[PDB]
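The next block holds one structure in the form of structure tokens; read it before the comments.
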Amino acid sequence: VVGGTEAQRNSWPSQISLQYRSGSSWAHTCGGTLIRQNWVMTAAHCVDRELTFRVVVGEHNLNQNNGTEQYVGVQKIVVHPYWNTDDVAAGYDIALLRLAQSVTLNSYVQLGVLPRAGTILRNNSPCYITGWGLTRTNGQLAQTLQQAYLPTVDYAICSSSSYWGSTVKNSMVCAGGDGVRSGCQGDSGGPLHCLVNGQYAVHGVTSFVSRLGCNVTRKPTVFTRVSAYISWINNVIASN
Amino acid sequence: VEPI
Ligand SMILES: [Ca+2]
């Protein structure tokens with residue numbers, strides 16, 4: 001997250017760190033949202049690599065013991081059937097991970113609330129992106145969970161020539177683009193929390209940014225629109 | 001685009 005602030009350790013309990021085994025250690029690669037005690041929602045591009053993954057819930061500082069972490073392996077990965085690794089702009093950047101064990105819920109580990117199918121946010125809706133991603137374009141990962149206020153940019157505006165044009169699809173949510181704050185490498189797969197009816201719900205799965213950089217004016221961070229996949233999500237969980 |  002570029003231009004973020006450190007999140008309080010109990011603000012976003014559904015946020016998880018998706019890590020892969022590298023040598024004798026583990027490396028954070030993406031974010032994710034805990035949606036069931038044994039299911040995590042993330043981006044398809046985060047797991048279309050042949051690596052061994054683990055999920056860490058109740059995480060705050062990637063480099064220090066917080067005394068709240070739970071580590072669990074990934075048992076099954078279900079990527080959306082239409083996902084194409086070399087066509088991120090097409091959409092379908094979403095995947096579900098079934099955990100080897102069911103995590104224990106507490107103040108640091110909670111299920112993320114998903115919006116009702118078809119829900120579209122009004123332009124400039126209040127949302128926060130969270131993650132341990134790079135704090136600057138071509139920079140380095142954050143040690144502590146970061147959050148950044150990223151108001152939504154509706155489809156009509158986001159798909160206009162000055163913004164993303166046809167690159168953005170209606171199956172996506174755009175947020176930010178003020179040139180100062182944005183998601184960045186390492187935040188992918190994580191949540192975009194938006195306040196609706198007094199409750200925060202996860203409306204997006206962090207997907208991509210501009211080739212020009214993470215924080216680029218009129219190039220808001222792009223997320224997979226969760227409300228466009230509610231049926232798919234329920235179908236996968238119910239059959240696995 | 002750049003996946004993040
Ligand atoms: Ca830690």
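For the structure tokens, the naming scheme is as follows: chains receive sequential letters (A, B, ...) according to their order of presentation, residues are indexed from 1 within each chain, and ligands are indexed from 1 in presentation order.
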Selection near segment 82-88 of chain A, 8 Å with only C-alpha atoms, sequence-local residues under 5 positions removed, as a list in words | residues 44, 45, 48, 93, 94 and 208 of chain A; 1 and 3 of chain B
How would you write, as an MDAnalysis selection string, the set of residues no farther than 7 Å from ligand 1 when counting only C-alpha atoms and all ligand atoms?
-> chainID A and resid 59:66 69
Using 6 Å as the limit and counting only C-alpha atoms, can you tabulate each residue of chain A that touches chain B, with its shortest atom-to-atom distance in Å and the two atoms involved, as JSON lines?
```
{"residue": "A:184", "atom": "CA", "partner": "B:4", "partner_atom": "CA", "distance": 5.4}
{"residue": "A:185", "atom": "CA", "partner": "B:4", "partner_atom": "CA", "distance": 4.0}
{"residue": "A:186", "atom": "CA", "partner": "B:4", "partner_atom": "CA", "distance": 5.9}
{"residue": "A:188", "atom": "CA", "partner": "B:4", "partner_atom": "CA", "distance": 4.6}
{"residue": "A:207", "atom": "CA", "partner": "B:3", "partner_atom": "CA", "distance": 5.8}
{"residue": "A:208", "atom": "CA", "partner": "B:3", "partner_atom": "CA", "distance": 4.1}
{"residue": "A:209", "atom": "CA", "partner": "B:2", "partner_atom": "CA", "distance": 5.2}
{"residue": "A:210", "atom": "CA", "partner": "B:1", "partner_atom": "CA", "distance": 5.1}
{"residue": "A:211", "atom": "CA", "partner": "B:1", "partner_atom": "CA", "distance": 5.1}
```
Take the residues that were just selected and, keeping N, CA and C atoms, output them as a compact mmCIF listing (two decimals), in the first residue's frame.
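Final output, saved to again.txt:
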```
# COMPACT_ATOMS: atom_id res chain seq x y z
N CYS A 184 -0.32 -1.89 -4.17
CA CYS A 184 0.93 -2.11 -4.89
C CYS A 184 1.29 -3.58 -4.74
N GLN A 185 2.34 -4.03 -5.43
CA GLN A 185 2.74 -5.43 -5.35
C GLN A 185 2.74 -5.96 -3.92
N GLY A 186 2.10 -7.11 -3.73
CA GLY A 186 2.04 -7.69 -2.41
C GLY A 186 0.67 -7.50 -1.77
N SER A 188 -2.12 -7.63 -3.74
CA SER A 188 -3.01 -8.42 -4.58
C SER A 188 -3.69 -9.53 -3.79
N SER A 207 -6.55 -6.52 -7.59
CA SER A 207 -6.06 -7.16 -8.80
C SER A 207 -4.87 -6.51 -9.51
N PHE A 208 -5.03 -5.28 -9.99
CA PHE A 208 -3.92 -4.64 -10.70
C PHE A 208 -3.83 -3.12 -10.65
N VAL A 209 -2.68 -2.62 -11.11
CA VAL A 209 -2.41 -1.18 -11.17
C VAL A 209 -1.81 -0.86 -12.54
N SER A 210 -1.48 0.41 -12.75
CA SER A 210 -0.91 0.87 -14.02
C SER A 210 0.52 0.43 -14.25
N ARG A 211 0.91 0.37 -15.52
CA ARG A 211 2.26 0.00 -15.91
C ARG A 211 3.19 1.15 -15.55
```
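Going from atom CA of residue 125 of chain A over to atom CA of residue 228 of chain A, you cover 17.7 Å.
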Can you list, as a PyMOL selection string, every protein, DNA or RNA residue that comes within 7 Å of segment 4-16 of chain A when you count only C-alpha atoms, leaving out same-chain residues fewer than 5 positions away?
-> chain A and resi 31-34+55-60+107-112+144-148+181+190
Hey, can you check how far atom CA of residue 116 of chain A sits from atom CA of residue 182 of chain A?
-> 25.5 Å
So how many Å separate atom CA of residue 218 of chain A and atom CA of residue 123 of chain A, to one decimal?
-> 14.2 Å
